[PDB]
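Engineer: Protein chains in written order, with UniProt numbering: chain A, 2 to 61; chain B, 21 to 123; chain C, 1 to 158; chain D, 22 to 158; chain E, 1 to 143; chain F, 23 to 212; chain G, 14 to 86. Note that beta-carbon positions come from the ideal geometry of N, C-alpha and C, so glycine has one too. Can you read through this structure? Questions will come right after.
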Amino acid sequence: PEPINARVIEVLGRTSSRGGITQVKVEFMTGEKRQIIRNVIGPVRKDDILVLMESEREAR
Amino acid sequence: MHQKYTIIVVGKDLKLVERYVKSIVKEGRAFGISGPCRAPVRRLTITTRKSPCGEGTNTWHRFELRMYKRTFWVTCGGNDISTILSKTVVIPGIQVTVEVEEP
Amino acid sequence: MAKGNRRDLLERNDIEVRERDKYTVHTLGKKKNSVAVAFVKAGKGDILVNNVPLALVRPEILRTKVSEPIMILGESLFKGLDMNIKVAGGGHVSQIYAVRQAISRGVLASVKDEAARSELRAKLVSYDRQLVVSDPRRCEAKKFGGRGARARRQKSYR
Amino acid sequence: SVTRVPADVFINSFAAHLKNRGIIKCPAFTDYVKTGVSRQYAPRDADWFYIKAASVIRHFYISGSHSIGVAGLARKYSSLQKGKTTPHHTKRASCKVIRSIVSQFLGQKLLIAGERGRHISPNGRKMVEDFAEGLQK
Amino acid sequence: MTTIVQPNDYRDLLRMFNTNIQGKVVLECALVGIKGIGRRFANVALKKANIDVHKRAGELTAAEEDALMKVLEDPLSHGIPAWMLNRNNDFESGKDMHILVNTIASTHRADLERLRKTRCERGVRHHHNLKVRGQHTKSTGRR
Amino acid sequence: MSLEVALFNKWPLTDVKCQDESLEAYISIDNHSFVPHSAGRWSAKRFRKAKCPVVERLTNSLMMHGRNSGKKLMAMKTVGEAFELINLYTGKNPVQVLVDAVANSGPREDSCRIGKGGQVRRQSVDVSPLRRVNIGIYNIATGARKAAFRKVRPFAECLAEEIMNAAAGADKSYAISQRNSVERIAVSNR
Amino acid sequence: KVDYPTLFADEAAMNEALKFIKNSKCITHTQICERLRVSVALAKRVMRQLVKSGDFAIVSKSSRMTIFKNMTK
RNA sequence: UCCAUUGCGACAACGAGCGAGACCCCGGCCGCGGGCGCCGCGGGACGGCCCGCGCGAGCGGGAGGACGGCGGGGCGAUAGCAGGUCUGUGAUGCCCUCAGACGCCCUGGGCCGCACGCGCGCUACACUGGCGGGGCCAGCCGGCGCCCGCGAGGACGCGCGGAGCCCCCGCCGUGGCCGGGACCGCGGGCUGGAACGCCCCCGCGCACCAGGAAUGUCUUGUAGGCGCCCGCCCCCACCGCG
């Protein structure tokens, strides 16, 4: 319920839906170190600190 | 004697104007001096429709005529009435390069 | 009215000749069509722009922009020396930036110790790079399809 | 010198001084005129003449050896014409008032002629500078 | 200026020339509410009458109000020129006057009558309501 | 330090640190000079605007409508006025207020079209920090603009009010309202 | 629609406006216009009076806008 | 792989050519020379250096540098369209007109007329503003004095010369109001053989509160905003090239 902030460690390309989204791998530096995949809009880069409203969603 | 004469030469192409320059400087070192003044380039501009009828995309021509001018007024008293002739006939006779002499 | 490249400016015949020879240094700034010429010598800290001090330049808000290098480097050097700038070309702001560039470059040339010159370069460029290196971009030409360089005339299909 | 003081305070201070000291006087036609075809209404202050006079004398001092004609001054007091559903265009100011001002100045020897136009005279430099220094404090 | 408080004689709404005028507006822009008076003609009239111009019209004491009337019926005497008037070189008496309300409407009506019986181009056009000057019709100017 | 670039020669820039970590590295505060004016050609690379001092980023957004394009000195003046007003009301350094607003303003979630299927099929996604700061600035400016139009009050007071309310987290402002709107239309689509 | 006066009708100046303003820390012409529903010019005049008296002081000035601070506390 | 049939590497194909690039003009940095007036000749940048990859061609990042990876323009392949132009011409085939002329020259009128549908533009809908006063800087390039007149303009006489936005101080105070300036009524001038044309002054003071279904253009000195010159021209620019 409480949003958590994740870090980026790998970007794996855009989508074909007009090329606005970018798939991104992140890791919970809070201690869990879970390497998952999400969908992000806008310019991203390594070591960015995303903010997540869900601790249990996926993408692919 | 001394007649404050001035040399003006005009041309549309930049390659002879510089060649004429060198010949004159070569041939006027003795009869005094002859250092040049390079003027701002007078560029004539004409814009025209590329079409004789006015059809299709409005497309334009851009012509121009650059005119280059150099001015040796360095003779001055260093040239007499006949002395100006000497060099002016010893310099090459390039087909096109207007020249006028005035005191 | 003024043209920047005029011989009457680059040599600064404005100054009288016996005084024209006391000025050792020479310097240049520019931005767009603006050009500034500085004649630096030895004195006790005085600066002038078109026969006007630095405190009374006209846009008012940018006075800090022209005083920048002083409060950066420090007033010791400038207090040591005295300057007389003259600028001519398009625009108030362009003139401002050209002037500050000339200030900085000239004070750089006053020092003879190259090592200090390099140290000052590092000290100053870090804060900004256009204080030494001229900005290159310049106004670009227009085309006949419309009333702008890249904009076009509106097209009506039906 | 005069250029070492901001133009704003000099102009108005000197105008007050001029008006006190009877050097110039506003003629009669001032009561109902604009200062240019570009304008639209008349000035709101009653002492605009002396402001113009001071700005002019300052202009003449700045130039120095050079010479200024009347119209050349009038191109420094131009503006923009609006209200014509047509693109705006710049227009020149008036010349009768400028002419009156220079004539009044010249009758006092503050201003001297030449081959063309007029230019400042040494007395003008004296008074302008002394007033400027006086207000420097 | 420096008039903060309403003077004891403040008059909240003025009536003059059958028109009504408010006392919160500055004087020279309120008179513009009359038909025949504008900005240029007003500044000139008041000034000759020794009246302040940057004043709210409600502080206009009747003593200053009457002298103003005396200057709008005989203005030429009071020094005002003749290029500043509404009606220069009248068609009949050849004189010059300034015409205020009521006079304008009557005057405008009689010219058209003059135009009509004389059989001009303008008169015939006025009566079908067309452009009088040469400004082009046809294009634009449609519902 | 030796030269503390006090902004407008009044309020310093030494104790101003963002709280949120996510967007901290996308807010420059150590470099501001004394004037929000710098002819630098930012926006040439893909991430260089991340260095532009935030106040300059704000001013560049106050001259947007075509009536007001190319007018930066007016904007600098406007910002100075607003900052005086803020320090007057709140009592504290305005720059902190501004960063706090740009933080609390800015969405954390958004919806886009990727699911196709012949309909909206929108998918909830996450939002990058740079976009967050850009949107926060844009919303501040836009909300101030909409208030001052055909209203007696001036642009600067509207600006200050919007900044203060957004920094307080209050939903009276336009920025917070837009943030909430986007968040709900998204979470609905998650 | 709304109308506001340009001249204060006598006791109105002091029975409120002077009182009201004196209990304000910061102020501007437009705020006071919108607050007690009078035009801006009167605000200008009044604030002139007050800075003359001394209650308020200038912190920022400009043709488009100046703002005051209450020095009475 | 490349913006590119731009290249690598193969193959019943081998070997060539055009187009593309190269090339020409402009600009930015440095040098030499000359110099009434800034203008003539050259150097400089090449995916060259470092790091990653890739057999290879080549891709991503960092430098140092005036400039970093097609900076803006010109030229523009084969083949073709029943595209436009016989009203640009001593360019023209076949027709029609050819002494009451469709030849040529004169006087007037018209091409502009207006219940209506739409295409490119201009001006505004206001306080991020309008009015009044003052200060100040451009470039393609460039002409001025004195005296009358409110002004627009005019009489004389000589060769000399640059603005809007913006900035500072004040007034107005959300009112179709001092926003906007169409229409109309008296008057003064310019061009010209000739005003129906164009400028200036006083008064009157139309629509218009950011615009439905629909739709156009744009990536750095760019959009947008602000003005200034030439062309056609007796006078006149909301157009066009810059």
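Would you say F/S133 and F/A188 are within 8 Å of each other, going by their C-beta atoms?
Structural biologist: Contact: no.
Engineer: Using the C-alpha atoms, what's the distance from D/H80 back to D/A134?
Structural biologist: For D/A134 and D/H80, the distance between alpha carbons rounds to 15 Å.
Engineer: From this set, F/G102, F/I162 and F/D148, which residue's C-alpha is nearest A/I50's C-alpha?
Structural biologist: Nearest C-alpha to A/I50: F/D148.
Engineer: Is F/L25 buried or exposed, if buried means 16 or more other CB atoms sit within 10 Å of its CB?
Structural biologist: When all chains shown are included, F/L25 counts as exposed.
Engineer: Chain A partners of F/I136, CB-CB under 8 Å?
Structural biologist: Near F/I136 (Cβ distances below 8 Å), the residues of chain A are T16, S18, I22 and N40.
Engineer: At a Cβ cut of 7 Å, what residues of the region 23-38 of chain G count as close to chain E, listed as they run along the chain?
Structural biologist: Cβ contacts with chain E: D23 and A26.
Engineer: If you compare alpha carbons, which of B/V61, B/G55, B/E84 and B/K35 is closest to B/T67?
Structural biologist: Nearest option by C-alpha distance: B/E84.
Engineer: What residue does the beta strand (DSSP E) around B/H81 start on, and which one ends it?
Structural biologist: Segment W80 to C96, the beta strand (DSSP E) holding B/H81.
Engineer: Taking any Cβ of chain A, which residues in the region 62-74 of chain F have a Cβ under 7 Å from it, in chain order?
Structural biologist: From the region 62-74 of chain F, only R68 and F69 have a Cβ closer than 7 Å to chain A.
Engineer: At a CB distance below 9 Å, what residues from the region 117-135 of chain C approach chain F? Give them in sequence order.
Structural biologist: Those would be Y127, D128, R129, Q130 and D135, in chain order.
Engineer: Need the endpoints of the alpha helix (DSSP H) that G/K65 sits in, please.
Structural biologist: Residues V53 to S66.
Engineer: Which partner residues of E/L46 appear in the DSSP bridge assignment?
Structural biologist: None; E/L46 has no bridge partner.
Engineer: Between D/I45, D/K73, D/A49 and D/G43, which lies nearest to D/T56 when the distance is taken from Cα to Cα?
Structural biologist: Comparing Cα positions, the closest option is D/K73.
Engineer: Taking its Cβ as the centre, do 16 or more other Cβ atoms sit within 10 Å of D/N41, making it buried, or is it exposed?
Structural biologist: Classification for D/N41: exposed.
Engineer: Closest to F/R89 by CA distance: which of F/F171, F/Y196, F/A178 and F/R201 is it?
Structural biologist: Among F/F171, F/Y196, F/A178 and F/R201, the Cα nearest to that of F/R89 is on F/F171.
Engineer: Quick one: which chain C residues come within Cβ less than 7 Å of D/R25?
Structural biologist: Neighbours of D/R25 on chain C, chain order: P53.
Engineer: Can you confirm whether A/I37, when its beta carbon is compared against all beta carbons of chain F, has any partner nearer than 8 Å?
Structural biologist: No, A/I37 lies away from the interface with chain F (no Cβ there is under 8 Å from its Cβ).
Engineer: Rounding to the nearest angstrom, what Cα-Cα distance links D/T111 and A/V41 in this structure?
Structural biologist: One C-alpha to the other measures close to 55 Å.
Engineer: Contact defined as beta carbons within less than 8 Å: I believe C/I72 pairs with C/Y127. What is the distance between those atoms, to the nearest angstrom?
Structural biologist: Between C/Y127 and C/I72 the Cβ distance is about 6 Å, and since that is below 8 Å, they are a contact.
Engineer: Is it buried or exposed for E/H108, if we count other Cβ within 10 angstroms and need 16 for buried?
Structural biologist: Exposed.
Engineer: Tell me the DSSP secondary structure of C/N84 in three-state form.
Structural biologist: In the structure shown, C/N84 sits in a strand (DSSP, three-state: E or B).
Engineer: Quick check: what's the CA-CA separation for residue 127 of chain B versus B/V94?
Structural biologist: What is shown of chain B runs 21 to 123, which leaves residue 127 of chain B out entirely.
Engineer: Output the distance between the C-alpha atoms of F/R68 and G/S75, rounded to the nearest integer angstrom.
Structural biologist: If I take the Cα positions, the gap works out to 40 Å.
Engineer: Secondary structure at A/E28, three-state DSSP: helix, strand or coil?
Structural biologist: If DSSP states are grouped into helix, strand and coil, A/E28 belongs with the strands.
Engineer: Contact between the region 95-114 of chain F and the region 37-44 of chain G is defined here as three or more beta-carbon pairs at a separation below 8 Å; is this criterion met?
Structural biologist: Touching, yes, given that three or more Cβ pairs across the two stretches are closer than 8 Å.
Engineer: Compile a chain-ordered list of the residues in the region 18-46 of chain E whose CB is closer than 9 Å to at least one CB of chain D.
Structural biologist: Cβ contacts with chain D come from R39, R40, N43 and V44.
Engineer: So what's C/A36 in DSSP terms, helix, strand or just coil?
Structural biologist: Note: C/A36 maps to strand in three-state DSSP.
Engineer: In the DSSP assignment, find the alpha helix (DSSP H) that holds D/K147 and state where it starts and stops.
Structural biologist: That run of the alpha helix (DSSP H) goes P143 to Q157.
Engineer: Is it the case that the Cβ atoms of A/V52 and F/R130 are separated by a distance below 8 Å?
Structural biologist: Yes; because the gap between Cβ atoms is below 8 Å, this pair is in contact.
Engineer: With G/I80 as the anchor, note down where its beta strand (DSSP E) starts and where it stops.
Structural biologist: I80 to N83 is the span of the beta strand (DSSP E), which, as asked, contains G/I80.
Engineer: Closest Cβ-Cβ distance between G/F21 and chain E: below 8 Å?
Structural biologist: Closer than 8 Å: yes.
Engineer: Is it true that the region 21-37 of chain C meets the region 103-113 of chain C, where meeting means three or more beta-carbon pairs spaced less than 8 Å apart?
Structural biologist: Cβ pair count under 8 Å is three or more, so yes.
Engineer: Using a cut-off of 9 Å between C-beta atoms, extract the partners of A/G32 located in chain F.
Structural biologist: Near A/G32 there are no residues of chain F at all, since even the closest Cβ is about 16 Å away, more than 9 Å.
Engineer: Output the distance between the C-alpha atoms of A/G43 and F/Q41, rounded to the nearest integer angstrom.
Structural biologist: Near 23 Å, if we compare the C-alpha coordinates of F/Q41 and A/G43.
Engineer: Less than 8 Å between C-beta atoms, sequence neighbours within five positions excluded: which residues of the same chain meet that for E/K48?
Structural biologist: Same-chain partners within the cutoff: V71, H78, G79 and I80.
Engineer: Does the Cβ of F/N115 have 16 or more other Cβ atoms within 10 Å, making it buried, or fewer, making it exposed?
Structural biologist: F/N115 should be labelled buried.
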